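What follows is a single chain, given as structure tokens, in the form deposited in one PDB entry.
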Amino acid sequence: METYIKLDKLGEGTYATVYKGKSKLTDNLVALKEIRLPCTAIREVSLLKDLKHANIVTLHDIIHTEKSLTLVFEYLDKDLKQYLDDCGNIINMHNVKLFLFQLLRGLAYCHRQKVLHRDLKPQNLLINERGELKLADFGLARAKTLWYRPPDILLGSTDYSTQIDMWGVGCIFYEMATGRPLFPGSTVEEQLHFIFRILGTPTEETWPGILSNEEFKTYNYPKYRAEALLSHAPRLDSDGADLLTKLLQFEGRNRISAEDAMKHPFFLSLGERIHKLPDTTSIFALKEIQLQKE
């Protein structure tokens, strides 16, 4: 803390606290991730890797104090929840699509790099004035809030894979398209009920093995019939609802990949030039791609 000026608190966690910062040299704003610590083993994914992608926050410096380790990142002034709330929870549809493509890029890179999001949610997704969406370095973990949790995990799943993150993508896509959470459950039991009311109660046909699950049988769920997603999110189009469907699959193994999610017809309007961009270049670089005023 000799070259930076620590400003207001942006957020907190059990493992770290984040502060808005400024350089005394360049005057540029930064994010100071204060890692909360005789000896402390540091496992930071931003330190044990180099997640160099246009949709992941970029690490700039490391500071050692006798009491802490501060990771200096690039700064974004609003998180997805703050952005939603600022435009009264009504995001321009073209932007929802740009935000979604961006989120799928960052995640498809993490997955490629064997990185998982243990807690994907709007507050961990950040947005700048150019319309860029990036994954904050918070809750990222090597492969070794109940709202965004998949049904299989809730019903006892030993598989902690990239597929978990895909259910969260579906949840956030809906939250962006409608301005409200898809399944805001308070208990494991209520969350499952909230899910089955939208997707339908699983049958041996839609989810093989369910009736053999001890915890599922004990909850006595009414046989709910699936409600058309397009009816729940009218601002969405046929392709938007189809991508949502393919994302919100009961079983992780059937959930579309982040790579394939990007090749879906919902994104056709964006063009072929966005698929050829290297990891490090912004999607906005293209004349064809631009943020719409809210």
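Residue indices: 1-based, along the sequence shown. Heads up, when I say rigid core I mean the largest set of C-alphas that superpose within 1.5 Å between the two forms.
Undergrad: For the stretch from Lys144 to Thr145, please bin the deposited residues that the model skips: none, 1 to 3, 4 to 9, or 10 or more.
TA: Gap between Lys144 and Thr145: 10 or more unmodelled residues.
Undergrad: Between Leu37 and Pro38, how many deposited residues lack coordinates (none, 1 to 3, 4 to 9, 10 or more)?
TA: Missing in between: 4 to 9 residues.
Undergrad: If you take the mean CA temperature factor per stretch, which one wins between 164-172 and 212-220?
TA: Of 164-172 and 212-220, the stretch with the higher C-alpha B-factor average is 212-220.
Undergrad: On average, which has the higher Cα B-factor in the deposited entry, 113-121 or 203-211?
TA: The recorded data point to 203-211.
Undergrad: Pull the Cα B-factor of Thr58 out of the PDB entry and bin it into the chain's lowest, middle or highest third.
TA: Bottom third by C-alpha B-factor.
Undergrad: Comparing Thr187 with the other modelled residues of its chain, is its CA B-factor in the lowest, middle or highest third?
TA: Its C-alpha B-factor belongs to the middle third of this chain's values.
Undergrad: Mind checking which third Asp159 falls in for C-alpha B-factor across the chain?
TA: Highest third.
Undergrad: According to the PDB entry, is the CA B factor of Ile283 in the bottom, middle or top third of its chain, that is, lowest, middle or highest?
TA: Its C-alpha B-factor belongs to the lowest third of this chain's values.
Undergrad: In terms of the CA temperature factor given in the entry, to which third of its chain does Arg130 belong: lowest, middle or highest?
TA: Tercile = highest for this residue's CA B-factor.
Only in words, not in the display: the form deposited in another entry, which the text now covers.
Undergrad: Please find the residue from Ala226, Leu230, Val45, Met262 showing a Cα shift of 2 angstroms or more between the shown form and the other one, rigid core superposed.
TA: Per the superposition, the moving residue is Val45.
Undergrad: Would you say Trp167 moves between the shown form and the other one, meaning its CA shifts by 2 Å or more once the core is fitted?
TA: Comparing forms between the shown form and the other one, the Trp167 CA shifts below 2 Å.
Undergrad: Does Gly139 move appreciably between the shown form and the other one, meaning a CA displacement of 2 Å or more on the superposed rigid core?
TA: Yes.
Undergrad: Superposing on the rigid core, is the Cα displacement of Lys67 between the shown form and the other one 2 Å or more?
TA: Passes the 2 Å threshold, so yes.
Undergrad: Based on a C-alpha change of 3 angstroms or more, tell me if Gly139 and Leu107 lie closer or farther in the other form than in the shown form.
TA: Their C-alpha distance grows by at least 3 Å in the other form.
Undergrad: If the CA atoms of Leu125 and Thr14 move by 3 Å or more in the other form, do they move toward each other or away, so closer or farther than here?
TA: Pair moves farther apart in the other form.
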